[PDB]
Number of protein chains: 2
Amino acid sequence: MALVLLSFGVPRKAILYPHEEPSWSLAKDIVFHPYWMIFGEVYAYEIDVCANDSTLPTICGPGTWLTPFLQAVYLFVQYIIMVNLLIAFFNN
Amino acid sequence: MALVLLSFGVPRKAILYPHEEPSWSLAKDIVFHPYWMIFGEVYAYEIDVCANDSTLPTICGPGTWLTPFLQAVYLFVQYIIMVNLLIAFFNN
Ligand SMILES: CCCCCCCC/C=C/CCCCCCCC(=O)O[C@@H](COC(=O)CCCCCCCCCCCCCCC)COP(=O)([O-])OCC[N+](C)(C)C
Ligand SMILES: CCCCCCCC/C=C/CCCCCCCC(=O)O[C@@H](COC(=O)CCCCCCCCCCCCCCC)COP(=O)([O-])OCC[N+](C)(C)C
Ligand SMILES: CCCCCCCC/C=C/CCCCCCCC(=O)O[C@@H](COC(=O)CCCCCCCCCCCCCCC)COP(=O)([O-])OCC[N+](C)(C)C
Ligand SMILES: CCCCCCCC/C=C/CCCCCCCC(=O)O[C@@H](COC(=O)CCCCCCCCCCCCCCC)COP(=O)([O-])OCC[N+](C)(C)C
Ligand SMILES: CCCCCCCC/C=C/CCCCCCCC(=O)O[C@@H](COC(=O)CCCCCCCCCCCCCCC)COP(=O)([O-])OCC[N+](C)(C)C
Ligand SMILES: CCCCCCCC/C=C/CCCCCCCC(=O)O[C@@H](COC(=O)CCCCCCCCCCCCCCC)COP(=O)([O-])OCC[N+](C)(C)C
Ligand SMILES: CCCCCCCC/C=C\CCCCCCCC(=O)O[C@@H](COC(=O)CCCCCCCCCCCCCCC)COP(=O)([O-])OCC[N+](C)(C)C
Ligand SMILES: CCCCCCCC/C=C\CCCCCCCC(=O)O[C@@H](COC(=O)CCCCCCCCCCCCCCC)COP(=O)([O-])OCC[N+](C)(C)C
Ligand SMILES: C[C@@H]1CC[C@@]2(OC1)O[C@H]1C[C@H]3[C@@H]4CC=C5C[C@@H](OCCC(CO)CO)CC[C@]5(C)[C@H]4CC[C@]3(C)[C@H]1[C@@H]2C
Ligand SMILES: C[C@@H]1CC[C@@]2(OC1)O[C@H]1C[C@H]3[C@@H]4CC=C5C[C@@H](OCCC(CO)CO)CC[C@]5(C)[C@H]4CC[C@]3(C)[C@H]1[C@@H]2C
Ligand SMILES: [Ca+2]
């Protein structure tokens, strides 16, 4: 579940923030939001940053349309596969 | 699950609110938010109170960077261990 977390956070930060200097904040940002998605937080108005109801309208830029597809795959793997695999692990 | 709740609420209130007089509101605040986290509410914009998108920007202060780590551990224990232990209890 932690490798799936990093498989999503690194491209999302890379696509949405293309103009970053090296900083230890990059370690925070690739882990932070994808972790809280395991626990119910979809960040509904930060998906599709180029939409009209977005709370991150300045992050809209070249290629940020990829991130809704990335997050759809992420949560399918996390809730629908890995959380239910973990329920099933405990039962048996 | 109730002791894990108090193991998290007391330090979060202590770290984020260091200048409190004795009041019965302290009994409320160490229980209130950690309980609603069991039920889907991550309080996404109150995590990392020193961030730019925070809804509690005046709570930023010395040592408030500890609370995202505390809440990550809390919800791992609550959903991923204790809720699934309770699903498994009912099944068997
Ligand atoms: C629930 C616990 C996880 C939570 C963290 C707390 C851990 C608490 C304690 C846990 C007890 C440890 C259990 C046994 C393992 C022993 C040490 C070890 O690492 O060994 C393995 C090497 O490790 C690897 O091959 C992978 C190393 C990556 C670890 C990164 C942690 C990511 C999860 C972090 C969470 C991210 C959350 C994001 C997703 C929600 C190999 O195993 P071994 O050494 O051969 O020993 C195995 C058994 N034996 C002795 C019979 C051989
Ligand atoms: C999975 C992959 C993860 C990534 C790996 C790489 C990790 C590299 C880590 C690098 C950390 C060091 C770089 C920063 C230097 C300190 C200054 C700093 O940033 O201060 C900030 C807090 O942050 C801290 O004080 C540091 C946080 C320390 C804990 C980091 C955990 C790393 C390992 C895991 C251990 C976990 C425990 C369990 C272990 C078994 C304070 O500033 P601010 O918050 O920005 O707020 C600004 C406003 N203010 C001035 C009012 C404050
Ligand atoms: C024991 C079992 C093993 C656990 C696994 C490993 C644990 C993960 C370890 C991660 C390493 C830690 C990442 C932070 C790096 C340092 C941050 C820093 O220097 O500055 C930041 C401080 O911010 C913080 O100190 C808060 C960090 C975020 C909380 C992480 C919660 C854990 C979620 C994940 C848990 C699952 C992880 C899944 C693994 C893939 C801010 O940046 P700054 O430049 O200081 O200031 C910017 C100013 N600004 C804020 C105003 C904009
Ligand atoms: C689902 C129910 C819990 C919900 C609350 C409602 C309770 C409803 C009713 C429940 C019926 C009671 C079942 C049996 C126990 C009898 C009384 C008792 O306490 O006995 C135990 C002492 O108690 C302790 O050792 C711990 C005391 C702390 C209780 C605090 C409540 C926290 C949960 C609150 C929720 C926080 C939620 C936060 C997390 C989500 C010892 O047991 P005993 O006395 O020896 O008897 C056991 C069996 N015997 C007779 C065979 C020996
Ligand atoms: C787990 C650890 C928990 C902590 C333990 C310590 C507990 C100590 C408890 C202390 C309560 C007494 C102190 C306050 C005095 C009354 C005045 C007051 O605050 O009024 C407020 C409401 O609140 C109340 O009226 C009181 C709430 C009573 C229920 C508390 C449950 C305690 C035990 C559990 C029983 C649960 C049932 C199940 C039992 C089996 C009204 O004011 P306000 O809301 O601020 O709004 C202001 C605006 N206004 C003026 C328009 C209103
Ligand atoms: C039966 C089975 C056992 C159950 C277990 C024990 C139950 C827990 C018992 C907790 C004790 C009660 C805590 C409140 C204390 C009194 C509040 C007070 O005096 O004032 C507050 C009134 O606020 C309220 O009256 C609302 C209290 C919060 C709701 C609690 C929901 C239960 C969540 C947890 C359930 C799981 C608990 C898990 C256990 C760890 C406000 O403060 P004030 O100073 O009056 O005014 C401030 C003004 N202001 C509001 C404008 C800012
Ligand atoms: C393939 C599956 C079936 C789908 C069929 C239908 C789709 C066909 C497939 C792919 C469509 C690719 C082009 C679409 C972009 C058009 C709009 C656009 O300009 O967007 C952006 C650029 O976008 C680019 O420059 C494209 C970047 C390359 C993407 C590499 C493959 C992505 C899919 C993975 C590989 C596929 C396999 C994945 C596994 C399933 C916007 O940037 P801009 O142009 O500068 O806009 C102005 C911005 N400004 C105003 C801020 C300055
Ligand atoms: C250790 C695990 C691996 C992590 C490695 C990397 C991290 C290395 C470890 C720890 C880093 C500790 C220092 C980081 C703070 C730097 C930034 C800073 O100033 O932050 C705060 C102060 O912070 C303090 O004064 C530190 C408080 C002591 C923390 C005690 C241990 C915490 C971790 C538990 C023990 C560890 C074991 C836990 C089990 C895993 C900000 O306060 P300030 O300075 O006044 O800022 C100005 C504020 N003003 C503008 C509002 C006025
Ligand atoms: C197998 C996994 C692949 C992904 C990953 O885990 C292992 O690989 C790790 C390597 C880390 C980087 C290493 C070095 C630096 C340089 C530093 O430079 C200080 C700049 C400035 C501070 O303000 C000086 O003042 C900033 C941080 C950065 C870029 C790390 C970011 C996180 C990274 C990408 C980690 C990530 C979670
Ligand atoms: C084993 C567990 C350890 C944690 C815990 O449970 C048991 O221990 C309990 C003890 C409680 C405190 C006892 C006394 C007071 C003094 C009172 O003084 C009136 C001030 C003002 C009112 O406005 C006068 O006007 C304010 C409340 C406070 C600090 C309690 C807070 C909650 C505490 C910390 C409880 C907490 C849930
Ligand atoms: Ca939910």
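All ligand and atom numbering here is 1-based and tracks the order in the structure. Keep in mind that the numbers below use all heavy atoms, side chains included, and drop hydrogens, waters and symmetry copies. So you know, we letter chains A, B, ... as the sequences are listed, proteins then strands, and number each from 1.
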To which protein heavy atom is [atom] closest, and what is the distance rounded to 0.1 Å?
{"atom": "atom 2 (C) of ligand 2", "result": "A:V31 CG2, 4.2 Å"}
{"atom": "atom 52 (C) of ligand 7", "result": "A:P62 CG, 4.7 Å"}
{"atom": "atom 22 (C) of ligand 7", "result": "A:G63 N, 4.1 Å"}
{"atom": "atom 13 (C) of ligand 7", "result": "A:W65 CZ2, 4.3 Å"}
{"atom": "atom 28 (C) of ligand 2", "result": "B:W65 CZ3, 3.7 Å"}
{"atom": "atom 51 (C) of ligand 7", "result": "A:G61 CA, 3.8 Å"}
{"atom": "atom 46 (O) of ligand 2", "result": "B:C50 CB, 3.5 Å"}

Could any protein non-hydrogen atom be found less than 4.0 Å from [atom]?
{"atom": "atom 7 (C) of ligand 9", "result": "no"}
{"atom": "atom 30 (C) of ligand 7", "result": "no"}
{"atom": "atom 47 (C) of ligand 7", "result": "no"}

Self-check item: Where ligand 2 meets B:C60 - atom numbers and elements under 4.0 angstrom, heavy-atom basis
Solution: 48 (C), 51 (C)
Self-check item: Residues A:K28, B:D48: salt bridge by 4.0 Å N-O rule
Solution: yes
Quiz item: In ligand 9, which numbered atoms sit nearer than 4.0 Å to a non-hydrogen atom of A:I30?
Solution: 36 (C), 37 (C)
